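Below is one structure; the comments refer to it alone.
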Amino acid sequence: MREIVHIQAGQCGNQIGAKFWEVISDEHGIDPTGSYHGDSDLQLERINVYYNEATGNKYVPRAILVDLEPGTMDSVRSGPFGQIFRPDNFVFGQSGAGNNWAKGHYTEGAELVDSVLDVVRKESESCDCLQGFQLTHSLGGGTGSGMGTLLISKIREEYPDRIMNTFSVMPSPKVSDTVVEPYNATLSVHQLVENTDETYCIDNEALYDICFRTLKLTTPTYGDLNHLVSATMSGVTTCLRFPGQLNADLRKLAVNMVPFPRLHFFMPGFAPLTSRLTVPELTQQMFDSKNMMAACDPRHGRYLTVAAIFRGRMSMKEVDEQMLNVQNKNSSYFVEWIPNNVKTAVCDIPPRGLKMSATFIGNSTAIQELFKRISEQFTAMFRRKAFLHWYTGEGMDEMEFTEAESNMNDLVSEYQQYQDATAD
Amino acid sequence: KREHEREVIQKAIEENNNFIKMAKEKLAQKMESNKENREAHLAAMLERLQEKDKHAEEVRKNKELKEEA
Amino acid sequence: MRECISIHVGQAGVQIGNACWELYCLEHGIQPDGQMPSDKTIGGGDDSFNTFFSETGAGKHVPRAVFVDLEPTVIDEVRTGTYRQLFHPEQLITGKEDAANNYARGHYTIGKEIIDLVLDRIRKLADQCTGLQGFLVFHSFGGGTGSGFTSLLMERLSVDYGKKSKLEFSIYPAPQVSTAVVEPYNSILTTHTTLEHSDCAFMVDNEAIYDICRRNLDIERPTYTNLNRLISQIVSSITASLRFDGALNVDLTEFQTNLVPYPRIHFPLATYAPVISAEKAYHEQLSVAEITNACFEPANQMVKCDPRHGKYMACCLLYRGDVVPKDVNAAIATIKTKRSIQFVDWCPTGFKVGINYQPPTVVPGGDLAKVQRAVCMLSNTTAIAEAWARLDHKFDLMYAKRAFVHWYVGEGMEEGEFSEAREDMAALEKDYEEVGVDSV
Ligand SMILES: COc1cc2cc(c1Cl)N(C)C(=O)C[C@@H](OC(=O)[C@H](C)N(C)C(=O)CCSSC)[C@@]1(C)O[C@@H]1[C@H](C)[C@@H]1C[C@@](O)(NC(=O)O1)[C@H](OC)/C=C/C=C(\C)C2
Ligand SMILES: Nc1nc2c(ncn2[C@@H]2O[C@H](COP(=O)(O)OP(=O)(O)OP(=O)(O)O)[C@@H](O)[C@H]2O)c(=O)[nH]1
Ligand SMILES: Nc1nc2c(ncn2[C@@H]2O[C@H](COP(=O)(O)OP(=O)(O)OP(=O)(O)O)[C@@H](O)[C@H]2O)c(=O)[nH]1
Ligand SMILES: [Ca+2]
Ligand SMILES: [Mg+2]
Ligand SMILES: [Mg+2]
């Protein structure tokens, strides 16, 4: 009844977006043709959150695929579940963005944005009660970073009373050698802090470090990183997709997770992280720095709010005891002026391949470590005005780079403020 | 005594009615203040979004001005 | 005559309504299709159970109740559930978008869109009444609908029904089963707004019910189902004087006279016994003396607080089942001797007593043992103010930093409403101190 509209923009956005749909389709018992062959009615209880129902009991993802490059469309379309998507929901240009945020936001993407919006409107018009939108994209590119933030602003114009959620992929020199990624990222964050209600920070730096150090993969591929992302995205949307009490919709999540409107950048976490458990162990790991999908140490800041999601058949008594154990033993890392800020949900349905897992969503002031890293890479190039001509060539001004830098620095300060805050 | 008896019951009526009245007024005032505040919050949000559109037009205008030169 | 309309608001209100009405039906011998073989007067009557049940010509006994929630999933389960036949569809009212644990959305944004419809349906029930006594409102403090819509409804009911009696059953939040960080906000806001529109309010601390289920019923991790089945027994004990009648029966309104010394001091503490499992109750006769003693053990209270550290303004005992006045008087005499029950100096110390001969009932599959005799104590103690103090403390910690306040402002509310509500609460805590002070 409460429908979410999915949007995936750019190469990264579509890649992780596709994997996301593959994973939950399996969980809900949907096949690539859109037919249901499942074993539990819990799968279809809240299927209308992500799936439209068509003739012949076919389930179609309420998904919109976007890119200024037509290559992405074919790859998805000829993918495993490529035939599940709605053909008319494919929207694409030809010229590409070429890692230029200005092209995606003001020039090339601005030409294409209207045709995307038309598809959004058609999906939303058919919603019994649209709760909001979720976007998958990267902040390092130009389409996902530039056109994605544009789409957000335009969608917010027509649905200002709906929740805007984003799965933003952060750039890292360890995965990508494109040097202007700190420019594109900072310019994107400048938009996200103003026009999104809740942003999951997917850090490629953290995805790489996990694959290399923990999973012990010498040369991690984009497919190795996305395996983590899909497992995370499946976890943080568990409460939305299955019958439950806690954070069952996007707005209730936002109310529990966002104490101040700007501070809505979450640090997701997952457990177990494994490639070729007890409830206490699950709980330990999900709060471990080695299990965070953002390159931040939570012990270098304080938790404003936390949403924990346990999946699988287990003892809820044990979960309740352990979650209390963590908060008491690590009370210094939870702000005291927000009582009972850690909420816990338990879903009986485990993800594919696992007996039981744990998904963590934290609003930590330690997220500033992530923004500080980008700011350091950004300023190193901006102080010398490097590669700026490609952006100003599209009509941008230098002052817009200044403002984005400043606003991002402000966000950091604000996280530090509430980190240093006390009750007395 | 009879006059006092009348004065008591009509005082009870008067107080019950004044309660109903003030409750009705308090509520209508609250629902009106809330309506104006929420609309103003939304109006300001769009006002900021519409200045982003204006800014975007200046960017595309500035590009066109840089091109031929 | 003396009809009583029940209004169940939000998830907690509705699901507790399910428990209560299921229990009422079993107590009166009413089937899920509304039929009642023992009732020989078809189409109507003026028996005691008719205060809670109306009657159709077809012999159907219909709850004088309305169910309201701003989203449909919780009430849909009533519509398709075991007792779907029991209610007329127009008694079950639903929206599409809930209040998202926000008082503002419940009272204003979303609530305003359905309030008129609800009042119309309530009016339809009122028109069936020959002598309407008042309303019983079931709701949570923490939910957006339970807090916001309830306050809106209570305000509106005072307008449309003047000073007709309005009683509350309010679910006070507990972290073990809470679903929102801002429940302290929703709690203080709804308590402030409803205070002058409510005549009497029975608070149910979920943590108290949670503990009782864990300790006395050996339930490892209680569910809402566990909590609700215990709450319904307490609600049943309180309404039993309205639904049944006997020589020794004392109407709830008489207790209310003793329980409310000032309009704002209208929050009675409830204590119920015996809460005991079937395993433990086997070959265990719980006497009138034993269950009455249990009423003064704080572990059995509906609200976590310490009456030993406060003063009493009233003490009511609502017995049901195999209980005679002789045993009761003996048990009280023992208690007055053994326990130090300290009253304020401006109230008499005598306990008011009521007895319904109909014994307690239990629902199948429940954990409560079916006992021959039960009791519910309704006391007015200054100790109840502890529950305000805990909530008010949590409110202050967040509001000092204005945490989450933007969610309320964005829906049209002002910070003035927060400070105004908190001040009323501060005045209320102070009122409870003042009544406890000895006279000059
Ligand atoms: C030593 O100087 C350099 C020279 C060149 C690239 C770089 C450096 Cl440092 N690198 C590593 C950068 O990250 C800057 C730019 O990156 C890329 O365009 C990506 C990474 N790419 C596909 C290649 O570099 C090809 C391999 S050359 S190895 C040195 C980039 C993104 O910053 C520019 C702007 C923002 C882009 C360039 C372009 O892609 N399109 C556009 O409009 O803006 C444009 O038109 C399609 C193409 C750009 C290609 C060049 C300018 C080559
Ligand atoms: N984790 C993950 N990151 C990816 C993937 N594909 C691309 N990225 C990252 O995304 C960032 C931006 O690149 P893209 O998303 O491909 O750029 P785009 O959104 O398609 O925009 P344009 O290429 O300019 O049209 C880079 O830093 C990549 O590291 C992916 O499959 N998984
Ligand atoms: N005792 C008891 N408490 C409940 C029950 N359901 C919810 N609660 C409590 O109610 C509070 C949340 O309010 P809800 O009733 O769930 O929310 P609501 O009234 O539907 O309002 P919305 O925000 O619009 O959903 C929490 O503190 C819960 O612990 C129940 O069935 N029994
Ligand atoms: Ca009859
Ligand atoms: Mg691309
Ligand atoms: Mg609800």
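Chain letters run A, B, ... following the sequence lines, proteins first, then strands; residues in each count from 1. Hydrogens, waters and symmetry mates play no part in the numbers below; they use all other heavy atoms, side chains included.
- For A/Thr344, no part lies near chain C; criterion is any non-hydrogen pair under 4.5 Å.
- Of the residues considered (A/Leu304, A/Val258, A/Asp424), A/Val258 shows the highest number of contacts with chain C, using heavy-atom pairs under 4.5 Å.
- A salt bridge does not link A/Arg2 with C/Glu71: none of the charged nitrogens is closer than 4.0 Å to a carboxylate oxygen.
- The part of A/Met1 that comes within reach of chain C is its side chain, from C-beta onward, which places non-hydrogen atoms under 4.5 angstrom from that chain.
- In this structure, SG on A/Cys129 lies 7.5 Å from NZ on C/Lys96, to the nearest 0.5 angstrom.
- The candidate from A/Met257, A/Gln131, A/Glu336, A/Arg162 with the greatest count of non-hydrogen atom pairs under 4.5 Å with chain C is A/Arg162.
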Let's go through C/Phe404 and A/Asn256 carefully: what are the C-alpha distance in whole Å and the side-chain angles of both, what is the deciding distance for side chain to side chain contact (heavy atoms under 4.5 Å, CB included) to 0.1 Å, and is it a yes or a no? CA-CA 8 Å; C/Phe404 306 97; A/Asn256 285 347; 5.9 Å; no
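- In this structure, chain C has heavy atoms under 4.5 Å from both the backbone and the side chain of A/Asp128.
- Both the backbone and the side chain of A/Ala254 come within contact range of chain C, with heavy atoms under 4.5 Å apart.
- For a residue to count as touching a neighbouring chain, one of its non-hydrogen atoms must lie under 4.5 Å from one of that chain's; by this rule A/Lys343 touches chain C with the side chain only.
- In this structure, the portions of A/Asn340 lying under 4.5 Å from any heavy atom of chain C include both its backbone and its side chain.
- For C/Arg105, the part lying under 4.5 angstrom from a heavy atom of chain A is the side chain only.
- A/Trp337 places no side-chain N or O within 3.5 Å of a backbone atom of C/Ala403 that could act as its donor or acceptor partner.
- Between the side chain of C/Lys401 and the backbone N or O of A/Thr422 there is at least one donor-acceptor pair closer than 3.5 Å.
- Residues A/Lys252 and C/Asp98 are paired through a salt bridge, judged by an N-O separation under 4.0 Å between the basic side chain and the carboxylate.
- For C/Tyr399, no part lies near chain A; criterion is any non-hydrogen pair under 4.5 Å.
- When the candidates A/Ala421, A/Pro243, A/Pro261 are compared by the number of heavy-atom contacts under 4.5 Å with chain C, A/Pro261 comes out ahead.
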